[PDB]
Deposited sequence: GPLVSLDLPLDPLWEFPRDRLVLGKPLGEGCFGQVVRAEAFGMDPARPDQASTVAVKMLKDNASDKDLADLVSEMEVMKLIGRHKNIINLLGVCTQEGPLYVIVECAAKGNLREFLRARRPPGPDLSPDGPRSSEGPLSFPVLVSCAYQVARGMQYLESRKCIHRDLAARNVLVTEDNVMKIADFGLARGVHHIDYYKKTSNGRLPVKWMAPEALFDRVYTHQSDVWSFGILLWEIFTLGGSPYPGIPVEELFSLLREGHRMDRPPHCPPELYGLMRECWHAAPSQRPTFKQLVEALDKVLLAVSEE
């Protein structure tokens, strides 16, 4: 049910629990000692996922699979990584990376002038690098949005939760046919780009969720954000082609976003 993995077991006594981060299921802040095994007396701030006491056997099974998928996926710079686990003599602890600036939507909204272009292209670019990595590990996100992208102290984008309804982010085949593909996450990426370039704006402003599918079927897409360059808008529109095979891949999006990054950095 919960065996001992030598590659992942962390001593629970080297984990000092703190304030809750989210959920009501729970994510709690903690200070971990020795997350870097070379310097074991060195502390780091970590995020600890655990269940609430009112949780079921099914909730445990789900938390276990999330931990098991995380081990499989392997480490990447732009994903929230698994640091360790506490499985014996107590509650299951799934220890993950902590991102001090919270989610991307919140990061962008708190810095709206009453943050520069290299910073926005760098958010977008990193999310693409992270999504390209997940895709190579055969991982379909299903809910890519700015709120599921976390920001660290060093402005590092880290995609979370990879292992009413968000209608406004879902690719047509996902909303209607309930089919989730890598190409459908590219659609969600197009919406994520728009969220970035509007500094955390709400997709399809003024349009109610119910009137959305008809507008999409008529071939209507969001207009270009107020001061967004057409290269980036062209990418958004490409992400929103009705036909999945006509949308870019995460490889093309990384190549295209890298070019914008050098263009914004060179002069």
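Gaps in the coordinates relative to the deposited sequence fall at 1-6, 31-32, 123-137, 187-203.
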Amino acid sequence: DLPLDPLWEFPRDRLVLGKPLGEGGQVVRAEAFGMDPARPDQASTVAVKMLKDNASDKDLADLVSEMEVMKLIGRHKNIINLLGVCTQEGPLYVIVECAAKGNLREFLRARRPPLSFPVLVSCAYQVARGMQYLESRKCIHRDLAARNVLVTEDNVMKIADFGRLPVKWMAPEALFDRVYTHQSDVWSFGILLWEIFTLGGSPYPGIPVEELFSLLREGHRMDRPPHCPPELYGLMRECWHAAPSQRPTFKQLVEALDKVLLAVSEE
From here on, numbers count along this sequence of modelled residues.
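Rigid core here is just the name for the largest C-alpha set that superposes within 1.5 Å across the two forms.
Between 154-162 and 70-78, the larger root mean square Cα shift in 6 other deposited structures of this protein, once each structure is superposed on the rigid core, falls on 154-162. Across the two stretches, 76-84 and 173-181, the PDB entry reports the greater mean Cα temperature factor for 173-181. Note on 125-133 vs 105-113: mean CA B-factor is higher in 105-113. Which of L216, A47, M236, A38 has the largest Cα B-factor in the deposited entry comes down to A38.
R142 sits in the middle third of its chain by CA B factor, as recorded in the PDB entry.
Per the deposited record, the Cα B-factor of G90 falls in the middle third when ranked against the other modelled residues of its chain. Among the modelled residues of its chain, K19 has a C-alpha B-factor that falls in the highest third according to the deposited record. Placement of the Cα temperature factor of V156 within the chain: lowest third of the modelled residues, per the deposited record. Among the modelled residues of the chain, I191 sits in the lowest third by CA temperature factor in this PDB entry.
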